[PDB]
Amino acid sequence: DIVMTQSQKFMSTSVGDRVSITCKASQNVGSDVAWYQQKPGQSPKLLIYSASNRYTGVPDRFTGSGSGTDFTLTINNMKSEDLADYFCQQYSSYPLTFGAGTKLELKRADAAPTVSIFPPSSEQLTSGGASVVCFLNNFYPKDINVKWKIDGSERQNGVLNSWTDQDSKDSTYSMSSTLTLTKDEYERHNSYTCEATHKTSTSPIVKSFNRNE
Amino acid sequence: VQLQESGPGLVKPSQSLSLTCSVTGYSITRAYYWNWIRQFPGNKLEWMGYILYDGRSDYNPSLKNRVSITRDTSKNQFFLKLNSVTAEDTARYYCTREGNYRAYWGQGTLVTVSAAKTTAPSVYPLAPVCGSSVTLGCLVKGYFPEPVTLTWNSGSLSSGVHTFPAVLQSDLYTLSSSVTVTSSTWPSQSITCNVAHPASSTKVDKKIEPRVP
Amino acid sequence: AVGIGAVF
């Protein structure tokens with residue numbers, strides 16, 4: 001069990017900055033180390049082999065180095081297309097072992113979300129259910145508070161929040177928040193509000209509707 | 001070389017998981033190492049074992065005697081069997097070809113280890129409440145297991161889309177997607193979300209209709 | 001000297 005420890009799980013960077021990822025091997029693996037790049041929805045792809053060598057097609061801004069127990073992957077002049085997870089791997093002996101992976105984030109100017117609220121569809125209500133959906137699109141940074149209010153009172157039970165991966169195009173995030181409640185509870189109350197509190201304003205963005213509609 | 005994983009995406013606990021790797025463009029008896037590697041939720045990678053071009057095989061000790069890798073040289077396929085699976089074997093399973101400082105990976109195939117039954121999704125259209133743009137959505141609720149695929153207008157609508165990772169609520173998954181278009185596009189032009197759930201042989205096309213005042 | 005590093 002050669003253990004490959006990577007420095008930090010998440011690193012924030014800016015376009016044009018050098019970024020360096022490190023991996024420390026528990027035993028001496030010589031030069032036999034590979035770095036892998038993994039973008040969302042894709043398999044890992046070999047980037048560096050024999051610690052220093054760019055694989056076919058890999059851009060010159062990627063370098064790697066090290067020997068013994070210490071290895072570094074270097075991104076010179078970070079680009080948006082380099083947003084990905086990176087993993088070190090040792091092939092000195094079996095079993096092959098990977099580092100835990102490092103996720104890069106890009107920094108960008110703060111952006112407030114565009115917020116849209118959706119009452120239950122007639123189809124869901126006819127089948128006896130009720131879900132209210134709030135989309136929060138194209139914002140930064142990632143940490144955003146969504147609070148649901150039903151007739152003014154907060155509800156945290158039945159809320160499912162899902163974020164996209166950071167978009168390499170504009171470095172923003174989007175997220176969906178879904179409040180699910182029983183149709184009979186839905187029909188007992190009038191107003192439904194989603195409130196987004198984000199570092200971009202001291203006042204939350206509020207989207208609301210009344211069941212009267 | 002091209003590698004493609006196949007097999008059932010849902011396996012009941014304590015039973016055996018079998019996957020096939022179909023290889024094309026290269027002979028599995030000619031050279032290299034032919035591996036199974038899996039990726040857990042949370043993205044950790046574990047190498048499972050190999051079969052060599054000469055039919056010798058070896059396994060990660062972490063798998064005990066649970067694992068067997070086997071091959072068909074007439075069909076140019078090699079196979080994974082993992083006995084007595086539990087929930088901690090839920091993972092995306094990859095096959096790879098390694099050697100000569102090359103690494104090729106398949107796209108992988110998700111296998112969920114659970115006793116729960118395959119359930120088809122309900123698909124709800126999210127029309128705006130009764131600006132320069134309009135945002136519409138699609139809510140896909142109550143399915144099992146992953147994955148689903150979701151497109152808008154048969155894929156021809158791609159820009160302006162955000163599709164949110166599925167999350168498990170109760171025993172079932174929920175996923176949503178939003179699409180943003182210019183305000184005069186819809187409703188005069190049709191916008192439909194196309195939802196496929198292969199495990200249940202479900203294919204649904206839901207038109208987003210405006211709400212009634 | 002195994003995996004991708006093995007010569008064939």
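Numbers below:
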item: Any hit, region B:151-160, residues being small (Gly, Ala, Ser), touching a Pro at 6+ places or on another chain (Cβ under 9 Å) and either within 28 Å of A:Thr126 (Cα to Cα) or not in a strand (DSSP E or B) (or both); result: no
item: Of residues in region A:17-57 being within 13 Å of chain B (Cβ to nearest Cβ), within 24 Å of the chain's Cα centre (by Cα) and not in a strand (DSSP E or B), the one surrounded by the most Cβ atoms within 10 Å (Cβ to Cβ); result: A:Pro44
item: Cβ pairs under 7 Å, 6+ apart, first in region B:157-185 and within 16 Å of B:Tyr143 (Cα to Cα), second part of a strand (DSSP E or B) and basic (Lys, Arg); result: B:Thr174/B:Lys141
item: Given (1) more than 10 Å from every other protein chain (Cβ to nearest Cβ); (2) closer than 17 Å to B:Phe164 by Cβ, index of the condition A:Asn138 fails; result: (1)
item: Members of region A:194-211 found to be more than 26 Å from the chain's Cα centre (by Cα) and either over 11 Å from A:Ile150 (Cβ atoms) or not in a loop (DSSP other than H, G, I, E, B) (or both), listed by number; result: A:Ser208, A:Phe209, A:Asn210
item: Conditions (1) assigned to a loop (DSSP other than H, G, I, E, B); (2) within 12 Å of another protein chain (Cβ to nearest Cβ); (3) of a type outside the set (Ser, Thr, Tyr); (4) more than 28 Å from the chain's Cα centre (by Cα): number failed by A:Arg188; result: (2)
item: Residue match in region A:113-128 (condition: at positive phi and out of contact with any helix residue (DSSP H, G or I) (no Cβ under 9 Å at 6 or more places or on another chain)); result: no
item: Hits in region B:149-166 (condition: surrounded by fewer than 16 Cβ atoms within 10 Å (Cβ to Cβ) and under 14 Å from the mean Cα position of the chain (by Cα)); result: B:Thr149, B:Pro165
item: Unique match (being within 22 Å of B:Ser177 (Cβ to Cβ) and either outside the structural domain of A:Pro44 (by CATH) or not polar (S, T, N, Q) (or both)) among A:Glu123, A:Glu195, A:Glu154; result: A:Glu123
item: Members of region A:176-197 found to be surrounded by fewer than 21 Cβ atoms within 10 Å (Cβ to Cβ) and closer than 16 Å to A:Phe139 by Cα, listed by number; result: A:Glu195, A:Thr197
item: Selected residue (only one of A:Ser7, A:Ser12 is touching an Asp or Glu at 6+ places or on another chain (Cβ under 8 Å) and of a type in the set (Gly, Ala, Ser)); result: A:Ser12
item: B:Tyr104 vs. criteria buried (at least 23 other Cβ atoms within 10 Å of the Cβ) and in contact with a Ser or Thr (Cβ under 9 Å, 6 or more places away or on another chain); result: no
item: Of all residues in region B:129-158 being at the interface with chain A (Cβ under 10 Å from one of its Cβ atoms) and either acidic (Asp, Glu) or out of contact with any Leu (no Cβ under 8 Å at 6 or more places or on another chain) (or both), the one that is nearest to A:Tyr192 (Cα to Cα); result: B:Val129
item: Residues of region A:82-131 classified as surrounded by 19 or more Cβ atoms within 10 Å (Cβ to Cβ), assigned to a loop (DSSP other than H, G, I, E, B) and within 14 Å of chain C (Cβ to nearest Cβ), total; result: 4
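For every residue, the table says whether it meets (1) outside the structural domain of B:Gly7 (by CATH); (2) buried (at least 22 other Cβ atoms within 10 Å of the Cβ); (3) in a strand (DSSP E or B); (4) out of contact with any strand residue (DSSP E or B) (no Cβ under 8 Å at 6 or more places or on another chain).
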residue	(1), (2), (3), (4)
B:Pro128	yes, no, no, no
B:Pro147	yes, no, no, no
B:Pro187	yes, no, no, yes
B:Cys193	yes, yes, yes, no
B:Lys206	yes, no, yes, no
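Positions of Cβ are backbone-derived with ideal geometry, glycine not excepted, and every protein chain shown enters the neighbour counts. Numbers and lists here come from the model and the stated rules, or from a named source; these are not laboratory values.
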